[PDB]
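Next up: a single chain in structure tokens, the form deposited in one PDB entry.
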């Protein structure tokens, strides 16, 4: 047994399948979840050394990538060495590896005979998950679902498509390991939602899994079917796959529609167990980073080194308990804010208070400061007077200009209504960015509208 007191802490992991926490325990693993972060970081470092050494020996993808970047496992002697020496893995590197070594790439590690399930992404990426990794996922997900207040015997509805995507399978595996009554109804086919609302009104689930948008659609289908969604008897709904569970307006509407608590969870399919970022019953706002399952680093995309707590960056993830297709510093490309304050549940994990929002796409620097176009887009979309289009113009790091469309009604209301909107837009942009921007208005329907992804940045 490990000197850290950490429960079933070993690599490769082999969890006791019959263990269930005492019924009065808040934590599935009290020590792993509440030990001082400094001691957990020491244990994490030792695990990263084991995992990197493991990939060096079983994955030519990593040995090659690391050798090109001048890294070798003997060099990993601190978490500072991990961020500075180990290069990040991109999705394009995974697709390249799978194209050169089909079907699963040369980072699979396990022999082909160990592959239990085949899943994938929406050129697609193939997931070849080993038996041992499937057990490691089910155990981590049961542990995190316990944290949400979900218990043995509870009826758990998994209402997400059961296909290629890791989402629904991960929730179902967690529900099975927890000894919950699993109700794998799924989603995606016409006529399903109207059938589900009758099943939920009869069966009375204690918990529901899906996407926030599907839960909003199911609430509407219920009212069309002359059913009250508050009568399904749900204690909670837990969501992954898209934003919404940490967006105040969206979360509040779902909590009101169902009369239950909403929990945010979910990193990436590549990062299963994806509930490694998840809220708890008491830390119900945003998500906790369950660091001893998967090591999350919120980084500055300019150098891929950890940003200080209270700052914004990109989640970078490392598997600590996977032997098949392990991910070592996979860049998410998402945006988030992390803190390390006391958590209401008592868990000593970093928190993502606003969950995951935006992207690193088309990021630029205005004198040391990283500016994210998604953040400027989010700030303007808080305004009822915003017309739906804007452009980002940079001159001389140095000068930041924003060309913004007001809506048709603001433009019709006159000169004073346009100026009030332009001044408020300047105030809101400064708040979100934390840097001064010049704001100029442009006539409604002046800027090009694209059905594709908008590329709103001009020059540098």
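Numbering follows the first chain given and starts at 1. The term rigid core refers to the maximal set of C-alpha atoms that superpose within 1.5 Å between the two forms.
Keep in mind the form deposited in another entry is missing from the figure; the text below concerns it.
Of the residues checked (41, 57, 67, 408), the rigid-core alignment between the shown form and the other one shows a Cα shift of at least 2 Å for 408 alone. Compared with the form shown here, the Cα atoms of residue 335 and residue 428 sit 3 Å or more farther apart in that other deposited form. Note: the CA-CA distance for residue 451 and residue 267 contracts in that other deposited form relative to this form, by 3 angstroms or more.
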